[PDB]
Amino acid sequence: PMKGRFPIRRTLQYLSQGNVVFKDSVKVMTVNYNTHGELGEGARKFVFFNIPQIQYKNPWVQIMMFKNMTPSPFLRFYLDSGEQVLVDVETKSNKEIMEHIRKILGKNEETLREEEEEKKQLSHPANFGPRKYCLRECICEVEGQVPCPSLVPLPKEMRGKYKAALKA
Amino acid sequence: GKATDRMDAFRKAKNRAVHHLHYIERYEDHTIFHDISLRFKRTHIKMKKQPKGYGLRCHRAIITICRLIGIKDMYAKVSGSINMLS
Amino acid sequence: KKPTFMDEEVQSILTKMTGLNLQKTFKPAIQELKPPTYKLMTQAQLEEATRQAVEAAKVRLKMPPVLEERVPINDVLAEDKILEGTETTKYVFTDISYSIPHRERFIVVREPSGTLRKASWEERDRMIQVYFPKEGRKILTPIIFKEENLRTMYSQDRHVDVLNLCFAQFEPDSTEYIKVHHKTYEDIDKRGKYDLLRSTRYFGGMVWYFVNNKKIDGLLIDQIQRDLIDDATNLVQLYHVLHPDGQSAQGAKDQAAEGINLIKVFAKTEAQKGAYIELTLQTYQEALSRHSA
Amino acid sequence: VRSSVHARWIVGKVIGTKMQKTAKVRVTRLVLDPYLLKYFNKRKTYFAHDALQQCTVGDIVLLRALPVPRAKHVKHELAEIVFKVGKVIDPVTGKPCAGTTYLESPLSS
Amino acid sequence: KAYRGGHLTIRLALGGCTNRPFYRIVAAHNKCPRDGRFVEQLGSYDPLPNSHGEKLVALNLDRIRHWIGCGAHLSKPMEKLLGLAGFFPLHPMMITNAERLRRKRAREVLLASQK
RNA sequence: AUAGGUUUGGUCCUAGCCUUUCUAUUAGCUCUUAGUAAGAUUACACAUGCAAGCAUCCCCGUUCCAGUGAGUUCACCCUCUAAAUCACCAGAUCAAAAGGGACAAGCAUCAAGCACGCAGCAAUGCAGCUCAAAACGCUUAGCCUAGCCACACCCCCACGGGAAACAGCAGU
Ligand code: FES
Ligand SMILES: [Mg+2]
Ligand SMILES: [Mg+2]
Ligand SMILES: [Mg+2]
Ligand SMILES: [Mg+2]
Ligand SMILES: [Mg+2]
Ligand SMILES: [Mg+2]
Ligand SMILES: [Mg+2]
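Going line by line, the protein sequences match chains T, D, R, N and M. Be aware that the first sequence starts at 2, since it is given in the authors' numbering, and climbs by one per residue. Be aware that the second sequence starts at 259, since it is given in the authors' numbering, and climbs by one per residue. Be aware that the third sequence starts at 66, since it is given in the authors' numbering, and climbs by one per residue. Be aware that the fourth sequence starts at 4, since it is given in the authors' numbering, and climbs by one per residue. Be aware that the fifth sequence starts at 10, since it is given in the authors' numbering, and climbs by one per residue.
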């Protein structure tokens, strides 16, 4: 069995469940939290569970942590404009913290879908190329069109080896 | 079955087995009810429930035992010591 | 004026008539199978899951629109008489711009005679399949749609399968789509297999065709036999709605046709098997009295 | 804005100040180990210009990218001392705090 | 490869197999190999008639317009294809080849009649 | 891996080796036909033939294509901005150089490198910078394949020298 408590945290399927994708302005996220205190339990469990998801969904945002530095836990987002967003997280569950950060700085589902539409624009079905980029390597694959010679030999009429004989 | 003669051992074992029958609950009479993870002594068995028509993808002894039981669809991976009795 | 197939009242009537058999709607598909997943649900959770399945079934049952047969295309863009004889094969030029809707794409054909005409509807569908391959559609028309194979499907009682194949292969306004749907409706009526399409998205189309062709006799007979009296009343009302000037409609307007009276009025007037319809209604009345008191 | 440095904003800890008007900051980023899929701190060293020379070893600092490097390695400049070493002021309440203890009770105002 | 000079060109990259020519209309840097890298693929051309006696041609007209605006040149076969499609005027060489074919056909008709 | 054989007088466990599967090269024996794909072992040396012209002279091209993998974190993203195309322009496209970040395998019996930093307009001052979270070093390898990087006989380069160059096609 996978090592560590809650090994589900170390599965791509789990790290893809993160619903928080920050706006392009968010650049740093500092998580101050206390390793003890029944009020800091929400921040502790947020760091334990959701920080992997946030970082996976946001590979360019610098996420840093700080244990037992201030009396109360809190998040602080440094944005590209110089603004700093302080989010108190005391008494809030990890789910509540995730929802709050999603509301204040996360990208809306509509914007995420717009990005996905931009992405799907690329793979034009009608393009022909290697299977990595295109659905079909050649027009031969389309039924009705003259088949690839490698599987169905072409007529001697079309083959150039005998067009040469007709030339002669 | 222990015996000096092979046929005697066969008789002994196949007569003593019928008095030691288990009953194996089969989901829909074709597969186990849930995934089973166990480690008997040094033999790890990981059995996965599978849908109808999936077949028996198991160690050959497990395939034989599943045919005997009445299990038709299941996956099974054996790890560690693969001592047949274990 | 007459009501369109997509009118709200028509949609409500057809949806009620189709039924909502969840088991049939979600019959286990014979496809690649993954192991089932299990959940522990209270009674409230089970009811909520059932209602979500009901919503999914309604979305899946959303009926295809009924479209009139598409007009043939014979537009010619340019007669470049100079090109006559320069080649002996048509050139089919397709606009493969991603954003353009498939019914606005420009698919032109340069003929050997030099004519640059718009592509026929058949060529349009063919090229659109070639360059935007849809799932379940084939370029060369499947042979299943030949009359003998269609009859084989009907004999096996696979009308839903035939309709699904037709919908996937052809467009709603396609000549082949129209012909195959009408043939399937004709076979279903002839052999009295109306129950096949119930709880499927094609029941509404079948009912609409029957009403438009004024042959609701068999469907009403089957509904009465299956004691779907509300559905029969709705069907008779829809028939009168779509034929306001019909004699049955006029009789209903005159008399107090507000229930089984509607079915009686239709059986009397504009029903080709009115005697059989009233015999079945008598049988149903006997059934009702067999448990009323 | 149109700066040629990759990291516009970074946050780190000062690990040395033996250079004139320059603070050495240790910026740690979570990096996903592809095999274990666990996140580990990966640390990198930045040179941040500091005119005031106020940065002290152990301070947590915020660094903003210069328009262009002012030296071979000095790409960033100190923009704020997020947590002065041992003089932390709780951003939430604003009172000075030592660890999880309020030096001045928030009730004092 | 740091290509000294050059410019974009909308041309027909050849694929298929032996005796089965097939073309991908590619907006490719002119100096790049015929079958090499390309900025964007703008459609296809099947020179061999299909079962329906058609030479299918796909043209991503929007992207072709975009690349013409960006300054891509047009290879002569692509110009001829667009002329046939009517997106462009018939190429002067298309017209002149048609006329030459007509004259040759007239000469052969005269020879056949003089028999 | 659905596993199998093999330690012992015998059993259990641990463990190595090997078998079964799928590719590619070579060899042995053997072989009828047609279509298609692919094809020196070597960065050793090369006979011979051909591979770059066009065009009313100027210009343009011969820097492309094609070739090889010797070398090797010049390949990817961002900033800036050359060259080139958009008939002149327009900013658009493309994309050098420069700056920032990322970027192979093995060996730590390669653990220290030896100036590898900063400040100042300069003068000059500070004494610093990298490194067991692997610096410095040695060996190996073309890569992350719509293709990309590097080399073009060697001296990294190529003024110059060694010398007379197929790693263009065919061929030896
Ligand atoms: S792959 Fe289509 S012609 Fe060969
Ligand atoms: Mg051989
Ligand atoms: Mg090498
Ligand atoms: Mg040694
Ligand atoms: Mg050299
Ligand atoms: Mg040589
Ligand atoms: Mg050669
Ligand atoms: Mg030789």
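Idealized CB from N, CA, C, for every residue including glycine.
Look at the stretch 296 to 307 of chain D: the residues with a C-beta under 9 Å from a C-beta of chain R are 306, 307.
The criterion of a C-beta distance shorter than 8 Å is not satisfied by residue 97 of chain N and residue 64 of chain N. Proximity of the stretch 195 to 207 of chain R to the stretch 253 to 260 of chain R falls short of the contact definition, fewer than three beta-carbon pairs being nearer than 8 Å. When only Cα atoms are considered, residue 333 of chain R and residue 227 of chain R end up about 35 Å apart. Counting every other CB atom within 10 Å of its CB across the protein chains shown gives residue 5 of chain N a total below 16, marking it as exposed. DSSP, reduced to helix, strand and coil, places residue 46 of chain M outside both helices and strands of the structure shown, so it counts as coil. Taking 8 Å as the threshold, the shortest C-beta distance from residue 151 of chain T to chain M falls below it. Per the coordinates, the alpha-carbon of residue 106 of chain N lies some 33 Å from the alpha-carbon of residue 23 of chain N. Taking 9 Å as the cut-off between beta carbons, the residues of the stretch 83 to 109 of chain R near chain D are 98, 99, 100, 101, 103, in sequence order. Distance between residue 168 of chain R and residue 252 of chain R, taken at the CA atoms: about 32 Å. In the structure shown, the three-state DSSP call for residue 52 of chain N is strand. Cβ proximity to chain T below 9 Å picks out 196, 197, 198, 203, 204, 205 from the stretch 196 to 209 of chain R. Residue pairing of residue 37 of chain M in beta bridges, as defined by DSSP: M:18.
Residues 59, 61, 62 of the same chain have their beta carbon placed closer than 6 Å to that of residue 88 of chain N, with the five preceding and five following residues left out of the count. Under DSSP, residue 104 of chain N takes part in a beta bridge, and its partners are N:101. Residue R:126 holds the alpha-carbon nearest to the alpha-carbon of residue 229 of chain R among R:183, R:126, R:184, R:318. Within the same chain, and ignoring the five residues on either side of residue 91 of chain M in sequence, the residues whose Cβ sits closer than 7 Å to its Cβ are 97. A straight-line Cα-Cα distance of about 23 Å links residue 153 of chain R and residue 33 of chain M. For residue 81 of chain T, the chain N residues whose Cβ falls inside 9 Å of its Cβ are 11, 12, in order along the chain. Against chain M, the CB of residue 157 of chain R has a partner CB under 8 Å away; the residue lies at that interface.
Judged by their CB atoms, residue 128 of chain R and residue 266 of chain R are nearer to each other than the 8 Å cut-off.
DSSP, read as helix, strand or coil, puts residue 91 of chain M in helix. Per the C-alpha coordinates, the member of N:19, N:101, N:77 positioned closest to residue 70 of chain T is N:101. For residue 5 of chain N, there is no enclosing beta strand (DSSP E), as DSSP gives it neither H nor E. The three-state reading of DSSP puts residue 315 of chain R in helix, counting H, G and I together.
Using a Cβ-Cβ cut-off of 8 Å, residue 64 of chain M counts as an interface residue toward chain R, since at least one Cβ of chain R sits closer than that to its own. At a cut-off of 8 Å between beta carbons, residue 6 of chain T makes no contact with chain N.
Distance from the Cα of residue 15 of chain T is smallest, within the candidate group T:53, T:150, T:64, T:136, for T:53.
Within 9 Å of the CB of residue 147 of chain T, no CB atom of chain R is found; the nearest one sits about 12 Å away. Around the beta carbon of residue 31 of chain T, 16 or more other beta carbons sit within 10 angstroms, so the residue counts as buried. With a cutoff of 7 Å, residue 60 of chain M does not count as near ligand 1, since its C-beta is closer than that to no heavy atom of the ligand. For residue 12 of chain N, the enclosing beta strand (DSSP E) has its first and last residue at 12 to 19. With fewer than 16 other CB atoms across the displayed protein chains lying within 10 angstroms of its CB, residue 348 of chain R is exposed. Contacts between residue 144 of chain T and chain R, judged by CB atoms closer than 8 Å, involve 203, 204, 205 in chain order. For residue 332 of chain D, the enclosing beta strand (DSSP E) stretches over residues 332 to 338.
Going by beta carbons, residue 305 of chain R and residue 270 of chain R fall outside the 8 Å limit.
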